Amino acid sequence: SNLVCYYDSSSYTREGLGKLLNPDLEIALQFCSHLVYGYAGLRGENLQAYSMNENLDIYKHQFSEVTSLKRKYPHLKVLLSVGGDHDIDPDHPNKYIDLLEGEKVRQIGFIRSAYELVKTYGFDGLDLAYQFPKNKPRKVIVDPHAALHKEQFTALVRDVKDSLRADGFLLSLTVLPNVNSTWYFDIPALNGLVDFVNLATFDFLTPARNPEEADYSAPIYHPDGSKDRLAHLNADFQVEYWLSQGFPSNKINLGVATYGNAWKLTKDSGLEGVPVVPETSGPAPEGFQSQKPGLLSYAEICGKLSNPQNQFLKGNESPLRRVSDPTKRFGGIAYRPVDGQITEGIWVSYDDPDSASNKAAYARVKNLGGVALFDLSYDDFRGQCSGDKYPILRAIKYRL
Ligand SMILES: *[C@@H]1O[C@H](CO)[C@@H](O[C@@H]2O[C@H](CO)[C@@H](O[C@@H]3O[C@H](CO)[C@@H](O)[C@H](O[C@H]4O[C@H](CO)[C@@H](O)[C@H](O)[C@@H]4O)[C@@H]3O)[C@H](O)[C@H]2NC(C)=O)[C@H](O)[C@H]1NC(C)=O
């Protein structure tokens with residue numbers, strides 16, 4: 001099976017423990033079948049593909065430092081990913097749709113630019129992690145041209161593929177969290193156009209989208225215990241959906257995240273950790289390593305879990321408690337409620353090595369092509385949690 005490892009290059013320049021330099025990157029490569037370099041973006045002035053950190057990717061040669069890793073790993077495939085929800089442009093918030101709705105000249109510009117990036121820097125292919133509009137978050141019609149958009153995307157994928165054929169370059173698509181395949185993906189038309197598809201079957205709920213309640217963010221199956229949870233929000237529904245639409249199972253990769261979604265709790269959230277957790281208050285304070293409110297890396301989460309040793313810590317240092325439904329269907333929970341001394345409450349939905357392993361087993365059972373891991377920079381590459389580096393990656397590979 002495949003093990004498609006995403007690499008967010010912004011991780012190269014992170015300060016402290018979050019920094020992922022190339023020697024640490026390379027260690028993942030005895031487990032990854034594919035490396036995907038993230039993320040190129042769209043220029044708001046003409047929507048061509050371009051590096052969102054030219055100084056690093058191009059002027060300090062990081063694109064080709066990473067693709068030249070194939071010299072050391074002759075079976076490794078390296079792709080370049082566009083979008084990935086990392087193309088954040090408040091100045092041009094309609095780029096991805098405008099590219100779909102674009103005139104030939106505009107689309108050709110993108111196709112040519114994206115092609116140039118792949119070829120010039122030694123990549124084996126392109127990942128279209130298209131930033132479509134997502135499911136509207138339920139609080140407490142987003143796109144009325146979805147069907148037009150679906151058609152335009154199919155056509156754009158065909159033309160992109162066409163540009164890559166002569167070189168034999170791969171094309172993958174990534175269906176990003178809460179991107180709805182009914183609205184945008186003409187799945188029977190894609191089998192003949194793309195080498196594989198990555199379903200990002202995680203972040204179904206996040207503190208950014210769902211600041212006022214918390215629930216499992218990447219369960220395999222639907223948890224009946226989560227009241228009123230939308231039934232398409234689980235990995236199995238997404239996978240079966242793609243299979244339903246006639247996509248070959250072995251061209252599908254199951255997305256698994258290495259980071260957790262972390263909500264700030266309130267007194268009114270109560271003391272129990274099984275979701276749905278009410279009266280939450282947006283993202284939890286950022287971690288010191290990952291510096292992203294509402295996100296924590298696996299090492300940051302592992303580092304907070306309660307043990308007999310850290311038992312003595314109190315107040316806002318008291319350790320997090322594990323909640324782990326024994327059916328292995330839903331994924332991990334670690335939390336600390338607002339209570340007395342504890343003023344800073346937090347609820348984290350995440351996969352650890354065991355639960356990621358579970359996802360890998362499911363993928364194997366469903367005869368999928370493999371797993372796509374988002375991303376190496378939040379796996380514990382330094383070995384902080386147990387001493388073993390890349391504990392989530394290795395656990396997944398064990399079971400594919
Ligand atoms: C794109 O987004 C749309 C929503 O805008 C989404 O459609 C929704 O799909 C789900 C999943 O099929 C539908 O929910 C099911 O609906 C039926 C009928 O109401 C229920 O019988 C089902 O309940 C069965 O299963 C649930 C969990 O398995 C149980 O909790 C429940 O008790 C039942 O056993 C289930 O609720 C939903 O009705 C539509 N919604 C709308 C607004 O039309 C679509 O799936 C998304 N596409 C993808 C690929 O994600």
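We use all heavy atoms of the structure for the numbers below, so side chains are in, but hydrogens, waters and symmetry mates are not. The chain is numbered in sequence order, starting from 1.
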Does [X] have its ring centroid less than 6.0 Å away from the ring centroid of [Y]?
X    : Y    : answer
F204 : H232 : no
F132 : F185 : yes
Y259 : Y350 : no
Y362 : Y221 : yes
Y335 : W263 : no

Counting only heavy atoms not in [X], do more than 12 fall under 6.0 Å of its [atom1]?
X    : atom1 : result
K304 : NZ    : no
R112 : CZ    : no
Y59  : OH    : no
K397 : NZ    : no
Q291 : CD    : yes
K328 : NZ    : no
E151 : CD    : no
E45  : CD    : yes

(message) Is the ring pair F202/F374 parallel, tilted or perpendicular, if the boundaries are 30 and 60 degrees?
(response) tilted

Hey, does the side chain of [X] reach the backbone of [Y] with a donor-acceptor pair shorter than 3.5 angstrom?
X    : Y    : result
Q107 : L99  : yes
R322 : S306 : yes
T120 : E116 : yes
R394 : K389 : yes
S281 : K264 : no
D339 : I342 : no
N307 : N310 : no
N316 : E344 : yes
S51  : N53  : yes
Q289 : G16  : no

Check: [X]/[Y] side-chain N/O donor and acceptor closer than 3.5 Å:
X    : Y    : value
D203 : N178 : no
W242 : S181 : yes
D351 : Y298 : no
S11  : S377 : no
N261 : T206 : no
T174 : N198 : yes

(message) Between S290 and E300, is the side-chain hydrogen bond (donor to acceptor under 3.5 Å, both in side chains) condition met? List the steps.
(response) CA-CA 8 Å; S290 60; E300 296 173 313; 2.6 Å; yes

Run the salt-bridge test on [X] and [Y] with the 4.0 Å N-O cut-off and return the result as yes or no.
X    : Y    : result
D354 : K359 : no
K72  : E26  : yes
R165 : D162 : yes
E279 : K267 : no
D124 : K70  : yes
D8   : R14  : yes
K227 : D215 : no
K251 : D195 : no

(request) Show your reasoning for whether side-chain hydrogen bond (donor to acceptor under 3.5 Å, both in side chains) applies to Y12 and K60. (result) CA-CA 12 Å; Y12 192 92; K60 312 183 274 179; over 6 Å; no

(message) So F196 and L171, do their side chains get closer than 4.5 Å, heavy atoms only?
(response) no

Taking all atoms of both residues into account, what is the closest heavy-atom pair of [X] and [Y], and its distance?
X    : Y    : answer
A262 : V348 : CB-CG2, 3.7 Å
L368 : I252 : CB-O, 3.4 Å
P319 : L313 : CD-O, 4.0 Å
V36  : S81  : CG1-CB, 3.7 Å

(message) Can you confirm if the NZ or CZ of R229 lies within 45° of the ring axis of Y216 and under 6.0 Å from the centre of its six-membered ring?
(response)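 No, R229 and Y216 do not form such a contact.
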
(message) Run the side-chain contact (heavy atoms from CB on, under 4.5 Å) test on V194 and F247 for me, step by step, so that the C-alpha distance in whole Å, both residues' side-chain angles and the decisive distance to 0.1 Å come before the verdict.
(response) CA-CA 11 Å; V194 305; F247 209 74; 4.0 Å; yes

(request) Decide side-chain contact (heavy atoms from CB on, under 4.5 Å) for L170 and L126; before the verdict, give the C-alpha distance in whole Å, the side-chain angles of both, and the deciding distance to 0.1 Å. (result) CA-CA 6 Å; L170 311 160; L126 186 66; over 6 Å; no

(message) Determine whether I220 and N358 satisfy the following criterion, side-chain contact (heavy atoms from CB on, under 4.5 Å), listing intermediate values before the conclusion.
(response) CA-CA 9 Å; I220 303 183; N358 214 30; 4.1 Å; yes

(message) Let me check something: do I392 and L20 share a hydrophobic cluster, defined by ILVMFWY side-chain heavy atoms less than 4.5 Å apart, either directly or through other members?
(response)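 Same cluster.
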
(message) When you group the ILVMFWY residues by side-chain heavy-atom contacts below 4.5 Å and let the links chain together, are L117 and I111 in the same group?
(response) yes

(request) Report the residue from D85, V142, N180 that forms a side-chain contact (heavy atoms from CB on, under 4.5 Å) with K134. (result)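 Answer to the side-chain contact (heavy atoms from CB on, under 4.5 Å) test with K134 among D85, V142, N180: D85.
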
(message) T327 vs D325, test: side-chain hydrogen bond (donor to acceptor under 3.5 Å, both in side chains). Steps then yes/no.
(response) CA-CA 6 Å; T327 62; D325 176 293; 2.5 Å; yes

(message) Checking ring pair (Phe, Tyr, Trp, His ring centres under 6.0 Å) between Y130 and each of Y39, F153, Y184, which is the one that passes?
(response)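 For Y130, the ring pair (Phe, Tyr, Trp, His ring centres under 6.0 Å) test succeeds with only one of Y39, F153, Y184, which is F153.
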
(message) Let's go through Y121 and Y37 carefully: what are the C-alpha distance in whole Å and the side-chain angles of both, what is the deciding distance for ring-ring contact (aromatic ring centres under 6.0 Å, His included) to 0.1 Å, and is it a yes or a no?
(response) CA-CA 11 Å; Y121 295 106; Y37 191 121; 9.4 Å; no

(request) For side-chain contact (heavy atoms from CB on, under 4.5 Å), just list the numbers for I97 and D143, CA-CA rounded to whole Å, side-chain angles, deciding distance to a tenth of an Å, and then say yes or no. (result) CA-CA 10 Å; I97 292 293; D143 185 10; 4.3 Å; yes

(request) Any chance you could lay out the side-chain hydrogen bond (donor to acceptor under 3.5 Å, both in side chains) test for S249 and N367, step after step, and finish with the verdict? (result) CA-CA 6 Å; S249 71; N367 297 295; 5.3 Å; no

